[PDB]
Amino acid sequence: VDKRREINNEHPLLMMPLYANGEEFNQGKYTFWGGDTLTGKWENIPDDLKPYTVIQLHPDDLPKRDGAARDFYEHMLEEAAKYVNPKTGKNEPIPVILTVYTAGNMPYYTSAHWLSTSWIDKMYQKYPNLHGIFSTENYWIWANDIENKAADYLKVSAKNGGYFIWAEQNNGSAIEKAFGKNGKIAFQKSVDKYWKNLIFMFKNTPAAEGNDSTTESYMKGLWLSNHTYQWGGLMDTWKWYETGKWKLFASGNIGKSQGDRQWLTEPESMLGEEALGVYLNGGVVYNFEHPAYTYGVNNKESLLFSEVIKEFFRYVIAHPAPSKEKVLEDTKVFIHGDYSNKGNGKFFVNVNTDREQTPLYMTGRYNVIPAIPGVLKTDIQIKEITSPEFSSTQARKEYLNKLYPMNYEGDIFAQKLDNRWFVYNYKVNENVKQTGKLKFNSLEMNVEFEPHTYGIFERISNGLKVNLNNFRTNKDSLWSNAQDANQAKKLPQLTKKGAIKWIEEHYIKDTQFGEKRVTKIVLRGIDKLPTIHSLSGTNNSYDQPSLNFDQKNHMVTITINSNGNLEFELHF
């Protein structure tokens, strides 16, 4: 059946979440938390991005009873279906994805429980603008018939030419079980027929359990082995709450005690560092939480959205991610087996991650090593997870080091694609500068990055194109009146409503921008003083870069002082 949309490297997808306000629904009003509206939100999306963005409805705290989610969803599907573009005056139905399964669809957790497969089929038939359905976050409540239900969602989507999109994390072997590890094989068999209509994403919310790397490995491997059409990630600023962090760089752990302050605190640019792990490995679907901080409120873009996500998403449209063909050519090792039997996220710590609790990598040398669970058949060295090479940290590196050569110097994350070096500082909550030395041919480039900074350096015919992002606003005001972790833990709760109000009042406006901070780029093998061209970036966020040319040493030091996004070319 003809696909309702394309999702691939040239046609990536940004999911745009809208969360139902259940309190207001009880009063007969149809509204979203944060005050976005379906029509206003769509209208605000830049026209260039509209072909690649889909509205994702989520039932959030709708009443947990029959009829509530169906009622709210039908209301919104009608709004989407009859939208009129005014400019054009033409009816242009808004593309929609419905959230249909979450928290195991337990009747004590979600109104989505009372959305039948029969109702889903009827919606797809009624609304050509319904492009897919979404299951999200079930690892902690792995319902008895989850795999059976997932098979039904995939089939009903394939029947109608829509996509079934599942965002899940390998906590408690979730991804392995989905494909039949524990004998529940309905979904495995569904995928054998309908993988062209499946999108599989990570969901990095449960940061305390450290399953980021293994989940992403699986996502990439399932894609490479034709067990999902495309893959991606849902990146979640609640990870800061899950790991008990508070004020940026501060000592002490406050555990899960200040939720609504905590999901605001993750550095804006760190979401781009996370998203790079998707792009660089051929993933093409992106989604974020908490929506109020990552997207915005009241139909306006937050600064995280405008300065990081929108720029990054424009980048992956203009430079499509590597194709399956290409990723597959580049893969030297493919793992077959269950990470859950080999320490789960611990498998990669001190291989390509610096700690158990991180969504980042410490080296791009192996990029992301792809895997599929042991229940799947295979169907490049394909290596069983139980083989001697994987028995320990050192063994893993020895084996991988023969097949993936060292291709840069320095304690920093860097990965190369064609003429481009992608670089970031991998520290999460420690204020440590990092440095690296990268080579194009010939041209040798050193960089020094503070934490929460990524750059893309592209060798061009007359020099170097640079895109830099270190956007990080000051969140200290949220942690005012707390001199240590003990005092922070006891602050009055910000609350969900208070945090939305803080965003309106102190983020969307009256922003406490962060201090400008220094990045250095050193070019070696240089004949003359390079010149800077096409300089642009976040408004009022950067000084004019400074150059220092040592003619005898064929080298130039470029000093940038900034806090935001930035782009320019050097000609030489």
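Don't overthink the numbering: it's just position in the shown sequence, from 1.
Deposited sequence between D418 and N419: no residues lack coordinates (chain continuous). As listed in the deposited structure, the average C-alpha B-factor of 188-196 and of 85-93 is greater for 85-93.
When the mean C-alpha temperature factors of 496-504 and 439-447 are read from the deposited coordinates, 439-447 comes out higher.
Out of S217, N469, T378, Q169, it is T378 whose C-alpha atom has the highest B-factor in the PDB entry. Comparing the C-alpha B-factors of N21, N9, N548, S562 in the entry, the top value falls on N548. Placement of the Cα temperature factor of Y286 within the chain: lowest third of the modelled residues, per the deposited record. In the deposited entry, the Cα temperature factor of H58 sits in the bottom third of values across the chain's modelled residues.
In this PDB entry, the Cα temperature factor of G296 sits in the bottom third of its chain's modelled residues, the lowest group. For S111, the recorded CA B-factor ranks within the lowest third of the chain. Only modelled residues enter the ranking. In the deposited entry, the Cα temperature factor of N474 sits in the middle third of values across the chain's modelled residues.
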